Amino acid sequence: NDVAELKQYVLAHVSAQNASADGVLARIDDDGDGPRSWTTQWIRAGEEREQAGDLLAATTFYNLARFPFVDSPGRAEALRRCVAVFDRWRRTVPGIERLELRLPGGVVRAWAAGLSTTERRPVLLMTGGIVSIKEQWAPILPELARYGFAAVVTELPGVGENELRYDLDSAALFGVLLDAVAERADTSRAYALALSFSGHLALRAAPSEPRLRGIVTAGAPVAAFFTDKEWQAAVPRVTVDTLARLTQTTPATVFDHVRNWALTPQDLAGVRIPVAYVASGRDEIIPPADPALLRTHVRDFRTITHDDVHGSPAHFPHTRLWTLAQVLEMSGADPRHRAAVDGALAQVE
């Protein structure tokens, strides 16, 4: 992995939320093994905070150690202790449960909250993209539960502890998670807060999974991402390598491998549910043609655009409230919750 690419992810998506990260960046010279390497430095910084009692700080740093995907025994150890340190933290928070699903293609693990035997709460499935482990979003589970959801936070196939191969049959993962919490939630009403590539997977699942009632995404790939080769040549190496790893192909073959993932107009027409999309004006990963294709073909499309890079990290104050407003509208959540968020949303604009 190119270390400049790796550092630039921290600068844009982390430094502003934890400024100790800039101190660790300044001790990292390469991506190998060894005392000044990315993985070692991030692991040592996580041990320091873990031993100091800061279990979320330690979670962040061990997450960073494993980023962008586990390609080494140093990284595999990173993830193992990111998962474990977050497991320690979550126990001091009531209502956060581990879900384990054993499937033919391997094990999927997840974090949930707002689950109940006696009540039937609408399901919120939350997933990042291809470099985003589930422990990034899990801390937010209690807030999700407060808004009325049986909230499940997971990982795309090949990410974190998710063992499946990432392929077109992974669209079926929404439905299988639903099946696992059917005794503890209203799986008749599910909503996918599915960021980046997981948004693509959600779109693909919609036409043959009627329990999915709405999708809220940010910078999901659609069609041009998979078909436009010139654009692909300029896509960051980390995107290409990670997607190779997840699909179980190779950096040089992955775009040809995934060419038939393109959502056709027949596929978008089967999407008969509300779709919200947060778009980034400077997106390095998604071509402009993809958000446009959803605007043309999806019957109930809501969208907003920020002048930012992928995942709009400089616009989190706006995107957290906008994505949440969309989720509550789609699910017909309590007006009191909707007024609160919409008041907070009007405040930021």
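Counting begins at 1, following the sequence as shown.
Mind pulling up the entry and telling me whether 223-231 or 270-278 has the higher mean Cα temperature factor? It is 223-231.
Looking only at CA atoms, which has the higher mean B factor in the entry: 302-310 or 52-60? Mean C-alpha B-factor is greater for 302-310.
Just the C-alpha B-factor column, please: which of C82, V258, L164, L99 has the biggest number? Reading the PDB entry, the winner on C-alpha B-factor is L99.
Based on the deposited C-alpha B factors for this chain, I'd like to know if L168 is in the lowest, middle or highest third. It belongs to the middle third of the chain when residues are ordered by C-alpha B-factor.
Would the CA B-factor of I28 place it in the lowest, middle or highest third of its chain? For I28, the deposited C-alpha B-factor lands in the highest third.
Can you tell me whether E155 has a C-alpha B-factor in the lowest, middle or highest third compared with the other modelled residues of the same chain? Tercile = lowest for this residue's CA B-factor.
Relative C-alpha B-factor of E135, binned into the chain's lowest, middle or highest third: For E135, the deposited C-alpha B-factor lands in the lowest third.
Would you mind ranking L246 by its C-alpha B-factor against the rest of the chain and naming the third, lowest, middle or highest? CA B-factor rank for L246: lowest third.
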